Amino acid sequence: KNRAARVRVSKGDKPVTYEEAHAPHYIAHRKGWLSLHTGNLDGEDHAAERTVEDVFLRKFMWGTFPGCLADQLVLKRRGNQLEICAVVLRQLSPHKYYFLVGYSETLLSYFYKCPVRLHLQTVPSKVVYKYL
Amino acid sequence: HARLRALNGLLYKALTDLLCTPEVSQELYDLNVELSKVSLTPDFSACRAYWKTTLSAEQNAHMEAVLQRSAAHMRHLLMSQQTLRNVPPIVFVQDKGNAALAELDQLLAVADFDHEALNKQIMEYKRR
Amino acid sequence: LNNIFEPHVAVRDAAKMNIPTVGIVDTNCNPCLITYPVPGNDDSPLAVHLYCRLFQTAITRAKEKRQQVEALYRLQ
Amino acid sequence: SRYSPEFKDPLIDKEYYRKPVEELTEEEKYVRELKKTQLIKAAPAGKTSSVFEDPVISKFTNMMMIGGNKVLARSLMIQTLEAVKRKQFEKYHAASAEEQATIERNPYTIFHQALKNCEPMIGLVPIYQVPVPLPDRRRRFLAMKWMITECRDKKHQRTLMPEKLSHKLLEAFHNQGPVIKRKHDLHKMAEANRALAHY
Amino acid sequence: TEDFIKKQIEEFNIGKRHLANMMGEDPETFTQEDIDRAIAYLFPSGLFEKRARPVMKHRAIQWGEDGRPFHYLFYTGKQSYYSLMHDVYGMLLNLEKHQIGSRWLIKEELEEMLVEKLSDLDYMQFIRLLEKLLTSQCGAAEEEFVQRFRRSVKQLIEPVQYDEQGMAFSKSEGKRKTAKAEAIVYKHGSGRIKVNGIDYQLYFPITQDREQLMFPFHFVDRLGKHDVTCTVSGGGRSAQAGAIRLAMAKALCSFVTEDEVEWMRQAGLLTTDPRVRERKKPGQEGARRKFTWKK
Amino acid sequence: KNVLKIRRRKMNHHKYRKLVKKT
RNA sequence: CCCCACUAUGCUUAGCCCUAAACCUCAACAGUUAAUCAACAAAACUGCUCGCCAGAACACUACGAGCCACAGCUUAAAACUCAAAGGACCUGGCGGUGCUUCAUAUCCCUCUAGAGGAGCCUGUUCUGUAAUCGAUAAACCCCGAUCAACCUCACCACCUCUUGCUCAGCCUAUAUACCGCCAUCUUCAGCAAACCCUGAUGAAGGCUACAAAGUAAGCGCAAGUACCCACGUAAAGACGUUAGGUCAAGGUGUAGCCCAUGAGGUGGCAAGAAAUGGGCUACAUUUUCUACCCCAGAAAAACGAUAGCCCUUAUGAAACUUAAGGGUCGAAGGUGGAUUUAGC
Ligand SMILES: [Mg+2]
Ligand SMILES: [Mg+2]
Ligand SMILES: [Mg+2]
Ligand SMILES: [Mg+2]
Ligand SMILES: [Mg+2]
Ligand SMILES: [Mg+2]
Ligand SMILES: [Mg+2]
């Protein structure tokens with residue numbers, strides 16, 4: 001059986017978002033890519049660099065916002081601009097959210113030498129697409 | 001096995017005697033069914049009587065249906081006559097073998113013209 | 001009675017759910033669990049038509065009397 | 001198959017569409033009307049409306065084909081037909097008028113007659129090798145396969161396929177040759193196993 | 001409830017007005033097609049499953065606030081199906097007292113029509129009742145009822161054109177495997193066929209390809225009655241021959257009678273052969289050839 | 001019902017008869 | 001057991017013997033059908049009386065007694081031992097056990113091309129080496145590897161280092177601790193929570209379409225989507241099955257090494273007695289060589305090595321071990337057994 005990036009139904013109680021509820025063979029069909037850059041296009045270079053940067057950004061935003069990210073990040077690259085769009089819970093205080101936004105933006109901009117921006121969309125709770 | 005062969009012969013004779021009479025039913029006697037052979041299952045679970053089938057398909061189906069209907073009654077009759085103390089269920093199987101021979105006759109009228117095995121291991125062990 | 005001459009399961013279900021049941025019971029019926037059994041023929045077309053007409057008239061009369069009473073109270 | 005089951009095989013026959021309406025029966029008229037509402041498969045590259053199109057020769061060419069080399073198989077078949085016709089013409093011109101009347105010169109007729117003569121009426125199948133009747137399709141396939149296998153035998157050295165096939169076809173046209181002998185041996189074996197045929 | 005639906009309707013109207021403002025369109029004539037085009041432009045999603053793309057658009061409850069159901073057959077649990085059966089039975093009673101390219105809709109279509117879920121046996125019962133209605137010499141009032149449940153089950157021909165030289169001609173195209181051909185057939189000619197500017201007997205040394213080219217004209221008995229110019233690209237000799245054959249037949253349809261067009265369609269001269277090379281799959285030698293199964 | 005009690009009775013009777021025959 | 005012959009015996013007379021699943025397994029008599037009844041059996045009881053029973057086994061026994069009985073019958077114990085014995089049901093299955101239908105590249109035959117014969121290539125096993133590991137019937141065997149001359153490398157030999165590139169490290173043990181990613185039936189359509197009803201509310205059961213207690217969210221199939229259609233191929237393919245594979249992708253539980261089971265350098269294997277799997281090239285004339293890319297001319301005992309030897313070139317620091325080319329050699333082989341693979 002295929003065990004890759006799938007959520008197995010056990011009791012119809014586990015809540016899953018839209019991303020988790022869809023198997024990989026649905027990426028081109030029901031859930032667009034979580035990252036958008038030109039590196040993987042035809043004739044374009046630096047695909048590996050973009051992949052490594054995306055992995056580091058995901059692992060860094062996951063730990064910088066512990067228990068706050070509702071779903072996986074969305075990374076967009078436009079020229080040298082990098083935009084991280086994150087769905088976040090409303091558990092933490094807004095002061096801490098703004099502190100983390102400023103800190104993460106400045107640190108990522110200085111680390112990757114690109115004008116990083118971070119857009120947070122707040123939700124009361126993790127949106128449940130279905131139960132498994 | 002000898003006992004199976006003897007029982008097969010006895011059951012074939014008994015069934016042939018049964019079907020030569022209106023005893024089972026008038027319709028079955030009117031059908032004039034014939035048998036080629038009778039074979040018992042190795043575990044004595046069933047008794048297959050191979051009855052010859054005529055060329056007519058509808059008549060063959062009618063005869064097979066009547067035989068299937070009367071198989072249980074014939075089994076009871078055999079147990080009543082004490083030809084066998086325990087008679088397994090009787091299954092009437094169509095026999096089309098003679099049809100192939102008949103068609104071959106029709107077409108041919110127009111056709112134109114132990115110790116040694118282990119001795120190897122023993123030899124190898126002796127040499128080794 | 002159902003089509004196999006057993007009592008309709010709806011009778012037992014309504015008794016379970018405490019729903020009163022009016023019922024036309026023939027000689028072979030079981031009026032034990034029916035709240036308001038009416039012993040009568042249930043096979044003749046005339047009898048069934050009479051029952052349908054009677055219940056229709058009763059319900060229509062009740063509804064129109066309810067409308068009349070409500071209107072009269074409003075006009076009070 | 002890329003064709004849905006709704007599709008129907010094409011009917012490449014000009015005479016069918018040239019038949020007058022009056023001669024059509026009620027069932028034939030209904031069939032023609034129904035065909036107007038049915039999807040039709042594309043005409044296969046093998047068969048056309050050509051008056052010289054012989055389905056038997058086309059099937060024989062397909063059987064002779066090795067590794068999809070249809071051009072080579074067609075060339076071998078036409079060379080065989082030409083060789084048969086040339087040998088028949090030589091025999092005709094070298095024979096007297098009385099023999100000339102009997103001598104046949106149509107290669108297609110000779111090919112069909114040889115295949116018919118090589119058709120085995122009855123064959124054998126395990127059930128014991130019980131002799132059993134053969135459907136006409138199986139008969140034609142067995143005749144063609146026997147002819148092709150006999151021509152492909154290594155017993156012939158350095159001789160081209162068209163010459164060997166023409167020689168075997170001419171032999172079979174006169175009810176002689178290895179293929180007719182094979183058919184007679186099969187029939188003899190069926191006669192011998194007549195006893196076991198009751199299985 | 002209906003309150004939620006009405007709130008959604010008001011929200012959709014307000015959002016439609018905002019969308020019309022954003023696109024600069026007239027808020028009055030801003031129809032559903034305009035809404036869909038605006039949404040597709042503003043939120044371009046290339047997800048293949050069209051149901052997953054963004055969409056801005058406009059089941060119900062069968063009882064009111066007092067708890068009384070609206071339909072008298074509600075407690076059956078299949079009120080739509082049984083109401084339909086009741087109406088059909090009433091029509092059959094009325095008919096009894098007073099005295100092709102269409103098929104019955106499939107169970108899925110019936111369920112969509114009745115917004116309910118029905119078993120196979122229920123569908124068969126309804127279909128048998130409808131057939132009895134049809135066979136009962138039903139009038140137009142019931143024939144329209146039947147046609148509510150009825151579902152319907154010819155080749156277009158290119159027109160004749162004229163060239164600079166003054167000849168009358170038609171042009172068509174076809175394809176076979178990986179070969180594409182475009183053919184031009186003149187109304188009057190002498191049987192000359194030129195492929196890519198080369199005479200056909202020189203461009204097609206194989207006799208089978210020439211027979212394939214002959215097949216369309218020979219079928220309608222028009223050998224030597226036309227002149228053909230074909231441009232074919234891709235594929236092999238046989239694929240090119242088949243593509244040219246299909247294109248020539250399609251173009252010649254413009255000059256033969258409709259009966260001959262139907263005859264050619266029945267002969268397969270007009271159907272495009274969908275048989276194309278099947279892709280090789282991983283874990284097997286070819287399209288279908290598996291690897292040697294070891295033991 | 002199972003005849004295990006009857007089987008035990010039969011076995012005991014057979015053994016008793018054998019013992020009586022022996023001695 | 002079967003066949004034949006034959007005896008006690010079955011029969012009569014006159015006595016004995018007194019045993020049976022001697023069973024309607026339901027004691028005799030009287031009465032009732034009123035609110036049923038553990039189960040099964042033959043619907044449930046009441047009144048009354050007689051006989052009998054008090055765990056199983058010892059035990060249709062021993063002893064005593066009686067009897068026409070003498071290997072008998074009736075009556076009938078105890079000691080030792082056991083935690084059960086037993087009655088009726090419920091759910092049960094596996095059985096090289098038949099019959100009738102079937103399988104659609106599928107179980108057999110039939111169709112085509114193969115494998116099993118030869119060389120070579122490649123993997124495995126064995127042999128050997130000082131010199132990895134994992135894979136091991138289907139579901140391993142051109143497998144991890146879309147790849148090993150050094151590196152890769154985890155192996156071996158020798159030498160070197162000790163808070164070590166790392167707030168160390170370990171390719172050290174355990175896939176029978178796991179995540180992760182998968183095989184397999186699956187070329188399957190079932191898995192199912194949550195309710196409802198039946199059996200007196202027992203282990204359980206829930207099927208009737210002219211329908212009689214089932215409904216079912218959800219999962220999967222389906223559908224939808226990709227490719228060229230609506231077809232087809234992909235993709236998908238649940239729950240379960242093999243304590244299935246991988247601790248050597250990586251992570252991690254447990255346990256172990258810490259002057260070494262860690263780290264580094266130099267050098268080195270990898271062969272053939274042999275068997276086996278798979279692949280390539282062929283054994284030719286439907287062929288070989290050449291032109292051409294399909295109207296030809298030659299060859300035809302030659303056909304046939306990508307093998308062996310030599311040389312050159314490419315890559316590289318390094319070619320003996322890689323690849324390409326050339327020269328030379330022209331061998332085995334002559335369509336291959338049982339068996340077996342794949343294709344609609
Ligand atoms: Mg009644
Ligand atoms: Mg008795
Ligand atoms: Mg008594
Ligand atoms: Mg006794
Ligand atoms: Mg005693
Ligand atoms: Mg005594
Ligand atoms: Mg070694």
# chains A, B, ... in the order shown; residues from 1 in each chain; ligands from 1
$ residues_around --residues "region 81-93 of chain B" --least-positions-apart "4" --cutoff "7 Å" --atoms "only C-alpha atoms (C1' of nucleotides)" --output "list in words"
residues 44, 45, 46, 47, 48, 49, 50, 51, 67, 68, 71, 75 and 77 of chain B
$ closest_atom_pairs --of "chain G" --to "ligand 4" --cutoff "10 Å" --atoms "only C-alpha atoms (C1' of nucleotides) and all ligand atoms" --output "tab-separated table"
residue	atom	partner	partner_atom_place_in_ligand_line	distance
G:19	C1'	ligand 4	1 (Mg)	6.7
G:20	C1'	ligand 4	1 (Mg)	8.8
G:60	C1'	ligand 4	1 (Mg)	4.6
G:73	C1'	ligand 4	1 (Mg)	8.3
$ write_last_selection --atoms "N, CA and C atoms (P, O5', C5', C4', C3', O3' and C1' of nucleotides)" --output "PDB file, in the first residue's frame"
ATOM      1  P     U G  19     -34.479 -59.027  34.733  1.00  0.00           P
ATOM      2  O5'   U G  19     -33.393 -58.299  33.830  1.00  0.00           O
ATOM      3  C5'   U G  19     -32.045 -58.740  33.831  1.00  0.00           C
ATOM      4  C4'   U G  19     -31.476 -58.809  32.437  1.00  0.00           C
ATOM      5  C3'   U G  19     -31.727 -57.599  31.554  1.00  0.00           C
ATOM      6  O3'   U G  19     -30.830 -56.536  31.821  1.00  0.00           O
ATOM      7  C1'   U G  19     -32.163 -59.582  30.338  1.00  0.00           C
ATOM      8  P     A G  20     -31.291 -55.015  31.596  1.00  0.00           P
ATOM      9  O5'   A G  20     -31.720 -54.978  30.065  1.00  0.00           O
ATOM     10  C5'   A G  20     -32.323 -53.825  29.506  1.00  0.00           C
ATOM     11  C4'   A G  20     -32.190 -53.807  28.006  1.00  0.00           C
ATOM     12  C3'   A G  20     -33.085 -52.820  27.277  1.00  0.00           C
ATOM     13  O3'   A G  20     -32.555 -51.508  27.266  1.00  0.00           O
ATOM     14  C1'   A G  20     -33.214 -54.930  26.222  1.00  0.00           C
ATOM     15  P     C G  60     -20.613 -49.673  35.665  1.00  0.00           P
ATOM     16  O5'   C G  60     -21.509 -50.968  35.901  1.00  0.00           O
ATOM     17  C5'   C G  60     -22.350 -51.074  37.040  1.00  0.00           C
ATOM     18  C4'   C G  60     -23.460 -52.072  36.820  1.00  0.00           C
ATOM     19  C3'   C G  60     -23.028 -53.491  36.488  1.00  0.00           C
ATOM     20  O3'   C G  60     -22.671 -54.240  37.636  1.00  0.00           O
ATOM     21  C1'   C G  60     -24.723 -52.812  34.989  1.00  0.00           C
ATOM     22  P     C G  73     -25.046 -60.813  34.740  1.00  0.00           P
ATOM     23  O5'   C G  73     -26.512 -60.691  35.343  1.00  0.00           O
ATOM     24  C5'   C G  73     -27.651 -60.789  34.502  1.00  0.00           C
ATOM     25  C4'   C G  73     -28.910 -60.964  35.308  1.00  0.00           C
ATOM     26  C3'   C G  73     -29.152 -59.923  36.387  1.00  0.00           C
ATOM     27  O3'   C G  73     -29.703 -58.721  35.884  1.00  0.00           O
ATOM     28  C1'   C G  73     -29.487 -62.074  37.290  1.00  0.00           C
TER      29        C G  73
END
$ residues_around --residues "region 43-48 of chain D" --least-positions-apart "4" --cutoff "10 Å" --atoms "only C-alpha atoms (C1' of nucleotides)" --output "JSON, numbers by chain"
{"D": [9, 10, 11, 12, 13, 52, 53, 54, 55, 58, 59, 62, 70], "E": [208, 209, 211, 212, 213, 214, 215, 216, 218, 219, 238, 239, 241, 242, 245, 246, 264, 265, 266, 267, 268, 269, 270, 271, 272, 273]}
$ residues_around --residues "residue 53 (chain A)" --least-positions-apart "2" --cutoff "12 Å" --atoms "only C-alpha atoms (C1' of nucleotides)" --output "list in words"
residues 35, 37, 39, 46, 47, 48, 49, 50, 51, 55, 56, 57, 58, 59, 60, 75, 76, 77, 82, 108, 111, 112, 113 and 114 of chain A
$ closest_atom_pairs --of "chain G" --to "ligand 3" --cutoff "9 Å" --atoms "only C-alpha atoms (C1' of nucleotides) and all ligand atoms" --output "JSON lines"
{"residue": "G:27", "atom": "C1'", "partner": "ligand 3", "partner_atom_place_in_ligand_line": "1 (Mg)", "distance": 5.1}
{"residue": "G:28", "atom": "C1'", "partner": "ligand 3", "partner_atom_place_in_ligand_line": "1 (Mg)", "distance": 4.7}
{"residue": "G:49", "atom": "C1'", "partner": "ligand 3", "partner_atom_place_in_ligand_line": "1 (Mg)", "distance": 8.8}
{"residue": "G:50", "atom": "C1'", "partner": "ligand 3", "partner_atom_place_in_ligand_line": "1 (Mg)", "distance": 5.8}
{"residue": "G:51", "atom": "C1'", "partner": "ligand 3", "partner_atom_place_in_ligand_line": "1 (Mg)", "distance": 7.1}
$ write_last_selection --atoms "N, CA, C and O atoms (P, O5', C5', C4', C3', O3' and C1' of nucleotides)" --output "PDB file, in the first residue's frame"
ATOM      1  P     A G  27     -43.660 -39.643  33.022  1.00  0.00           P
ATOM      2  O5'   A G  27     -44.653 -40.885  32.980  1.00  0.00           O
ATOM      3  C5'   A G  27     -44.161 -42.210  33.110  1.00  0.00           C
ATOM      4  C4'   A G  27     -44.865 -42.971  34.206  1.00  0.00           C
ATOM      5  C3'   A G  27     -46.345 -42.687  34.386  1.00  0.00           C
ATOM      6  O3'   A G  27     -47.160 -43.343  33.432  1.00  0.00           O
ATOM      7  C1'   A G  27     -45.290 -42.715  36.495  1.00  0.00           C
ATOM      8  P     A G  28     -48.589 -42.724  33.043  1.00  0.00           P
ATOM      9  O5'   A G  28     -49.524 -43.117  34.269  1.00  0.00           O
ATOM     10  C5'   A G  28     -49.766 -44.478  34.591  1.00  0.00           C
ATOM     11  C4'   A G  28     -50.654 -44.608  35.802  1.00  0.00           C
ATOM     12  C3'   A G  28     -51.892 -43.729  35.812  1.00  0.00           C
ATOM     13  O3'   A G  28     -52.954 -44.263  35.042  1.00  0.00           O
ATOM     14  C1'   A G  28     -50.803 -43.564  37.895  1.00  0.00           C
ATOM     15  P     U G  49     -50.701 -36.619  49.074  1.00  0.00           P
ATOM     16  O5'   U G  49     -50.344 -38.068  48.523  1.00  0.00           O
ATOM     17  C5'   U G  49     -51.240 -39.150  48.717  1.00  0.00           C
ATOM     18  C4'   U G  49     -50.931 -40.305  47.800  1.00  0.00           C
ATOM     19  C3'   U G  49     -49.495 -40.795  47.795  1.00  0.00           C
ATOM     20  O3'   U G  49     -49.181 -41.609  48.909  1.00  0.00           O
ATOM     21  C1'   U G  49     -50.274 -40.624  45.575  1.00  0.00           C
ATOM     22  P     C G  50     -47.665 -41.711  49.423  1.00  0.00           P
ATOM     23  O5'   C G  50     -46.991 -42.734  48.409  1.00  0.00           O
ATOM     24  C5'   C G  50     -47.399 -44.092  48.379  1.00  0.00           C
ATOM     25  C4'   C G  50     -46.921 -44.789  47.131  1.00  0.00           C
ATOM     26  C3'   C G  50     -45.420 -44.815  46.913  1.00  0.00           C
ATOM     27  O3'   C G  50     -44.765 -45.805  47.684  1.00  0.00           O
ATOM     28  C1'   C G  50     -46.495 -44.209  44.903  1.00  0.00           C
ATOM     29  P     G G  51     -43.278 -45.543  48.232  1.00  0.00           P
ATOM     30  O5'   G G  51     -42.369 -45.691  46.936  1.00  0.00           O
ATOM     31  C5'   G G  51     -42.324 -46.915  46.223  1.00  0.00           C
ATOM     32  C4'   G G  51     -41.565 -46.773  44.930  1.00  0.00           C
ATOM     33  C3'   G G  51     -40.204 -46.109  45.028  1.00  0.00           C
ATOM     34  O3'   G G  51     -39.191 -46.987  45.485  1.00  0.00           O
ATOM     35  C1'   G G  51     -41.397 -45.167  43.232  1.00  0.00           C
TER      36        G G  51
END
$ decode --residues "region 151-171 of chain E" --atoms "N, CA, C and O atoms" --output "JSON list (two decimals), in the first residue's frame"
[["chain", "number", "residue", "atom", "x", "y", "z"],
["E", 151, "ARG", "N", -33.91, 10.71, -23.21],
["E", 151, "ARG", "CA", -32.61, 11.28, -23.53],
["E", 151, "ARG", "C", -32.24, 10.90, -24.95],
["E", 151, "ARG", "O", -32.31, 9.72, -25.32],
["E", 152, "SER", "N", -31.84, 11.89, -25.75],
["E", 152, "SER", "CA", -31.48, 11.65, -27.14],
["E", 152, "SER", "C", -30.13, 10.95, -27.23],
["E", 152, "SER", "O", -29.23, 11.17, -26.42],
["E", 153, "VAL", "N", -30.00, 10.10, -28.25],
["E", 153, "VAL", "CA", -28.75, 9.39, -28.49],
["E", 153, "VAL", "C", -28.16, 9.81, -29.84],
["E", 153, "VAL", "O", -28.88, 9.93, -30.83],
["E", 154, "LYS", "N", -24.38, 13.19, -37.83],
["E", 154, "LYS", "CA", -23.95, 13.21, -39.22],
["E", 154, "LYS", "C", -22.68, 14.04, -39.37],
["E", 154, "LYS", "O", -22.45, 14.98, -38.61],
["E", 155, "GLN", "N", -21.86, 13.70, -40.36],
["E", 155, "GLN", "CA", -20.57, 14.35, -40.55],
["E", 155, "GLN", "C", -20.76, 15.69, -41.26],
["E", 155, "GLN", "O", -21.43, 15.78, -42.29],
["E", 156, "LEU", "N", -20.15, 16.74, -40.69],
["E", 156, "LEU", "CA", -20.15, 18.04, -41.34],
["E", 156, "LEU", "C", -19.20, 18.03, -42.53],
["E", 156, "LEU", "O", -18.14, 17.40, -42.49],
["E", 157, "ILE", "N", -19.59, 18.74, -43.59],
["E", 157, "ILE", "CA", -18.86, 18.71, -44.85],
["E", 157, "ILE", "C", -18.35, 20.12, -45.15],
["E", 157, "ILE", "O", -19.10, 21.09, -45.04],
["E", 158, "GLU", "N", -17.08, 20.21, -45.53],
["E", 158, "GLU", "CA", -16.50, 21.49, -45.89],
["E", 158, "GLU", "C", -17.08, 21.98, -47.22],
["E", 158, "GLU", "O", -17.44, 21.18, -48.08],
["E", 159, "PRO", "N", -17.17, 23.29, -47.41],
["E", 159, "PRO", "CA", -17.74, 23.83, -48.64],
["E", 159, "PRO", "C", -16.70, 23.96, -49.75],
["E", 159, "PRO", "O", -15.49, 23.96, -49.52],
["E", 160, "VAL", "N", -17.22, 24.07, -50.98],
["E", 160, "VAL", "CA", -16.36, 24.19, -52.15],
["E", 160, "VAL", "C", -15.77, 25.60, -52.20],
["E", 160, "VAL", "O", -16.46, 26.59, -51.92],
["E", 161, "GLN", "N", -14.50, 25.69, -52.57],
["E", 161, "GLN", "CA", -13.80, 26.96, -52.68],
["E", 161, "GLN", "C", -13.23, 27.12, -54.09],
["E", 161, "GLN", "O", -13.20, 26.18, -54.88],
["E", 162, "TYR", "N", -12.78, 28.33, -54.38],
["E", 162, "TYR", "CA", -12.23, 28.66, -55.69],
["E", 162, "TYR", "C", -10.85, 29.28, -55.52],
["E", 162, "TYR", "O", -10.60, 30.02, -54.56],
["E", 163, "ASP", "N", -9.97, 28.99, -56.46],
["E", 163, "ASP", "CA", -8.58, 29.43, -56.40],
["E", 163, "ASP", "C", -8.31, 30.48, -57.47],
["E", 163, "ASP", "O", -9.20, 30.87, -58.24],
["E", 164, "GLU", "N", -7.06, 30.94, -57.51],
["E", 164, "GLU", "CA", -6.66, 31.95, -58.50],
["E", 164, "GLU", "C", -6.78, 31.41, -59.92],
["E", 164, "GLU", "O", -7.22, 32.13, -60.82],
["E", 165, "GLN", "N", -6.39, 30.16, -60.13],
["E", 165, "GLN", "CA", -6.44, 29.56, -61.46],
["E", 165, "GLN", "C", -7.85, 29.40, -61.99],
["E", 165, "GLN", "O", -8.02, 29.17, -63.19],
["E", 166, "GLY", "N", -8.87, 29.51, -61.14],
["E", 166, "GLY", "CA", -10.25, 29.38, -61.55],
["E", 166, "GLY", "C", -10.86, 28.02, -61.26],
["E", 166, "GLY", "O", -12.07, 27.85, -61.47],
["E", 167, "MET", "N", -10.07, 27.05, -60.81],
["E", 167, "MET", "CA", -10.60, 25.73, -60.52],
["E", 167, "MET", "C", -11.48, 25.76, -59.27],
["E", 167, "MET", "O", -11.30, 26.59, -58.37],
["E", 168, "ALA", "N", -12.44, 24.84, -59.22],
["E", 168, "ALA", "CA", -13.28, 24.64, -58.06],
["E", 168, "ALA", "C", -12.72, 23.49, -57.24],
["E", 168, "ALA", "O", -12.44, 22.42, -57.79],
["E", 169, "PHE", "N", -12.57, 23.70, -55.94],
["E", 169, "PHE", "CA", -11.88, 22.73, -55.11],
["E", 169, "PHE", "C", -12.45, 22.74, -53.70],
["E", 169, "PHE", "O", -13.16, 23.66, -53.29],
["E", 170, "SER", "N", -12.11, 21.68, -52.96],
["E", 170, "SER", "CA", -12.37, 21.59, -51.53],
["E", 170, "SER", "C", -11.08, 21.19, -50.84],
["E", 170, "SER", "O", -10.18, 20.60, -51.44],
["E", 171, "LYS", "N", -10.98, 21.53, -49.56],
["E", 171, "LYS", "CA", -9.79, 21.25, -48.78],
["E", 171, "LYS", "C", -10.19, 20.68, -47.43],
["E", 171, "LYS", "O", -11.14, 21.14, -46.80]]
